[PDB]
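Engineer: this one's structure only:
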């Protein structure tokens, strides 16, 4: 039920040499059920999975998963941009680790540099009022605690990274929430889940993201996200 | 004082080329003292260590540590089942990473597939009342937040994984608490430590688990577990 | 703007084959701006970076970063001691992972074992009253919860590791706060940041540490440290 078995790091035979139950579960549950849940499509699941693997330092799995993402209709430029985005959100080393595995995936598919996310291009429109509010809140709270970090947050992230067009805002928020959930960073989920929902991700899609990540990032990480998600959904109803 | 020095990823000579104090501490403190603490036996320490290495993405160390576990009397089927269990609790990629290192450990010992945990076998008895209570609690709290995840929790975990006989309930709880502590997932320790104690793990054994993990998962992770453990021990006395 | 381009795991060409924007950001922002911020010098930034890479299981990057640290004036003995220190604070496996990459860095520079941190040497002076207070607090709270861990905390850490002269107290605290921030261990930052400030790290230096780590350990980790740092700074003013 899993596509492109030959592209896997470890073969079904190899997995069965240690844990045949795991191989069966991979086929019947992970690929046969989770990946088949229609509330979130294969393209979006690929973005969520790539984000999880990057955030969790499981870059070797990316050769297979990046190839699958391309097959599922994720653009090379979107994979490219996910890596750049997660340099900031997961850390530079986590992004750098992707270079070998993803370059291999691209090379096999004949994906040249001309298909990648632009170094510099026309920014998306900035909601100036919401940004003025965001900057004021952070500056008032932490401006004298870490002035450099506060300034970088504004200049590098909210006035640049988040306006880069190579991921649609919805998709950039999607990869962000996936990366956060994947490493249990529940403190930052409220802001970014609200942003994702504002950007067009549906509540059921968000529930599917959490559900998908139970498998890729472990049950406790998915479980920890639930009260945060619940609070967000309830607050939007007020 | 450390057994099977030749089976290590890095030799004592190699460790001494960077940090001779670390090599000395490994011999005198880790192997000479911690591993020798009689409150928790070598077999259980091996299970705790394997769980920690899996959860923390330190799979390369597993060739040595899985071999040691087998020497310490952990069954191949128990190692097999730990991997499958932690696919769910640590994440699929963390379990998958074990395949290469553990297959090598098994191959060297002539451990064939006939010795592994069963794909499907007769489930252990389910405490139907405690399960009805568990399902009701979760369903009431998060049923409309992530219905898919709630259903999978019931169907995949509590009505299947936890009833698989290839780990005794005590040992399955042992590996779970070890994996949780190892990545600082304190939110889920209350439930699983209670379950471990219910399943027959002693309070002193649990204290030894936390102590062992200070070395393998870092002091802060062990320290973070202490107030949770304290609260559990005190609550059971009420 | 990045020194020793040829020593990198992945070349600029390789990074550009996946994410040319990331390569540009590395040059212009990470190396061209962050590393150039004068509030924290290159030597201290190297210690912070090594600690982050060790804590986050990004040991492969260490060949380049350890070489850079040596170029920046970090002593071989200080790198040696950072590894030993983080065996305790990040975990044994995280320290062990450094052996290959750092040994390579040392070999290329002709750094022999005679330049490494001493296995045993004359301890630094212990503040006996502050230690009596620390031991009493921990013993009263957790002495009967995990007696072994409480005893090891005293004997292995505060009456040995922290008195080892191969890192100055300021630098040992620096590597500790870096390692904690890098994996989001906010629970332990209050104690260790106070200790760092007591040991001579300035508040602006601490702010630069957090800022540097936003890039190496991801924005959310740096952001999570801010309220802890704020509370510490404010408390010292009372």
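Structural biologist: Cool, the structure landed. Numbers count the residues shown, from 1 in each chain, chains lettered A, B, ... in the order given.
Engineer: contacts for the longest helix along chain A?
Structural biologist: Secondary structure of chain A per DSSP state H: the longest helix is helix A:219-236. For helix A:219-236, the surrounding residues in contact (CB atoms under 8 Å, 6 or more residues apart in numbering or on different chains) are A:181-184, A:186, A:189-190, A:193-194, A:197, A:203, A:206-207, A:210-211, A:213-214, B:88-89, B:91, B:141-142, B:145-146, B:149, B:153, B:157, B:180, B:185, B:187-188. For the C-beta atoms, the positions are set from N, CA and C on the backbone; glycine is no exception.
Engineer: Can you say which of these are also within reach of chain C?
Structural biologist: Among the contacts of helix A:219-236, proximity to chain C is found for A:183, A:184 (CB under 8 Å from any CB of the partner chain).
Engineer: Give me the subset of the contacts of helix A:219-236 that lies in helices.
Structural biologist: Reading helices off the contacts of helix A:219-236 with DSSP H, I get A:181-182, A:189-190, A:193-194, A:197, A:203, A:206-207, A:210-211, A:213-214, B:88-89, B:141-142, B:149, B:180.
Engineer: which ones are touching the residue nearest to the spatial centre of chain A?
Structural biologist: In chain A, the centroid-proximal residue (CA atoms, centre = their mean) is residue A:175; its distance is 2.5 Å. Neighbouring residues of residue A:175 by CB under 8 Å, 6+ apart: A:47, A:48, A:50, A:51, A:82, A:85, A:86, A:167.
Engineer: repeat for residue A:183
Structural biologist: Taking CB under 8 Å, 6+ apart as the test, what residue A:183 contacts is A:55, A:56, A:90, A:217, A:221, C:184.
Engineer: and if we set it to 6 Å?
Structural biologist: residue A:55 (CB atoms under 6 Å, 6 or more residues apart in numbering or on different chains).
Engineer: Equivalent analysis for residue A:104, please.
Structural biologist: residue A:63.
Engineer: Give me the buried positions along the helix or strand where it lies.
Structural biologist: Per DSSP states H and E, residue A:104 falls inside helix A:99-108. Going by neighbour count (16 or more other CB atoms under 10 Å in any protein chain shown), the buried part of helix A:99-108 is A:99, A:100, A:101, A:102, A:103, A:104, A:105, A:106.
Engineer: from those residues, which single one is nearest chain B?
Structural biologist: Relative to chain B, the closest of those is residue A:101; by CB to the nearest CB it sits at 12.5 Å.
Engineer: so how far is residue B:142 from the closest one?
Structural biologist: For residue A:101, the distance to residue B:142 equals 35 Å [CB to CB, to the nearest Å].
Engineer: Over to residue A:237?
Structural biologist: 16 Å.
Engineer: And those two? Which one has more around it.
Structural biologist: The residue with more neighbours, out of residue A:237 and residue B:142, is residue B:142; 20 against 6, by other CB atoms under 10 Å in any protein chain shown.
Engineer: residues in contact with that one?
Structural biologist: A:226, B:150.
Engineer: now do 8 Å
Structural biologist: Per CB under 8 Å, 6+ apart, neighbours of residue B:142: A:226, A:230, B:149, B:150.
Engineer: Out of the residues you listed, who's the most crowded?
Structural biologist: That'd be residue B:149 among the contacts of residue B:142, by other CB under 10 Å, with 25 neighbours.
Engineer: Could you tell me how many residues sit around the closest residue to that one other than its chain neighbours?
Structural biologist: Of all residues not flanking residue B:149 in the chain, residue A:211 sits nearest, at 4.3 Å (CB to CB, 6 or more residues apart in numbering or on different chains). Counted with other CB under 10 Å, the neighbours of residue A:211 add up to 22.
Engineer: so residue A:211 touches residue B:150, yeah?
Structural biologist: No: Residue A:211 is beyond contact range of residue B:150, at 9.1 Å (criterion: CB atoms under 8 Å).
Engineer: Just the buried ones from the contacts of helix A:219-236?
Structural biologist: Buried, going by 16+ other CB under 10 Å: A:181-184, A:186, A:189, A:193, A:197, A:203, A:206-207, A:210-211, A:213-214, B:88-89, B:91, B:142, B:145-146, B:149, B:153, B:157, B:180, B:185, B:187-188, out of the contacts of helix A:219-236.
Engineer: related to what we said a few turns ago, okay, buried residues for the longest helix of chain A please.
Structural biologist: Neighbour-count burial for helix A:219-236 [16+ other CB under 10 Å]: A:219, A:220, A:221, A:222, A:223, A:224, A:225, A:226, A:228, A:229, A:232, A:233.
Engineer: Report the separation between the fourth one and chain C.
Structural biologist: When distances are taken as CB to the nearest CB, to the nearest Å, residue A:222 and chain C turn out to be 18 Å apart.
Engineer: now swap in the second one and tell me
Structural biologist: Counting by CB to the nearest CB, the gap between residue A:220 and chain C amounts to 15 Å.
Engineer: Look up phi and psi at the spatially closest residue to residue A:16 that is not a sequence neighbour.
Structural biologist: Distances taken as CB to CB, 6+ apart place residue A:23 nearest to residue A:16, at 5.2 Å, with adjacent residues excluded. Residue A:23 adopts backbone torsions of phi -60, psi -40, taken as degrees, to the nearest 10.
Engineer: There's contact between residue A:23 and residue A:12 in this structure, I believe.
Structural biologist: Yes: using CB under 8 Å, residue A:23 is in contact with residue A:12, at 5.4 Å.
Engineer: Just want to know which of the two has more residues nearby.
Structural biologist: Neighbour totals were compared for residue A:23 and residue A:12, and residue A:23 leads with 22 against 15 (other CB under 10 Å).
Engineer: Please identify the buried residues of the helix or strand where residue A:170 lies?
Structural biologist: Element membership of residue A:170 [criterion: DSSP H and E] is helix A:169-182. Of all the residues in helix A:169-182, those buried under the rule 16+ other CB under 10 Å are A:169-182.
Engineer: Looks like residue A:209 contacts residue A:40 (just checking).
Structural biologist: Yes: Residue A:209 lies in contact with residue A:40 (CB under 8 Å); the separation is 6.7 Å.
Engineer: okay, and the common contacts of these two?
Structural biologist: By CB under 8 Å, 6+ apart, the residues touching both residue A:209 and residue A:40 are residue A:48.
Engineer: Which residue of the two possesses the greater neighbour count?
Structural biologist: Between residue A:209 and residue A:40, counting by other CB under 10 Å, residue A:209 is the more crowded of the two (28 against 24).
Engineer: what residues are up against the closest residue to that one other than its chain neighbours?
Structural biologist: In space, not counting the residues next to it along the chain, residue A:209 is nearest to residue A:48; the distance is 5.6 Å by CB to CB, 6+ apart. Taking CB under 8 Å, 6+ apart, we find residue A:48 in contact with A:40, A:174, A:175, A:178, A:209, A:212, A:213, A:216.
Engineer: how much space between residue A:48 and residue A:55?
Structural biologist: Distance from residue A:48 to residue A:55, by CB to CB: 11 Å.
Engineer: now do residue A:214
Structural biologist: 15 Å.
Engineer: do residue A:23 as well
Structural biologist: From residue A:23 to residue A:55 the distance is 25 Å (CB to CB).
Engineer: what do you get for residue A:201?
Structural biologist: 18 Å.
Engineer: of those two, who's got more company?
Structural biologist: The residue with more neighbours, out of residue A:201 and residue A:55, is residue A:55; 26 against 22, by other CB under 10 Å.
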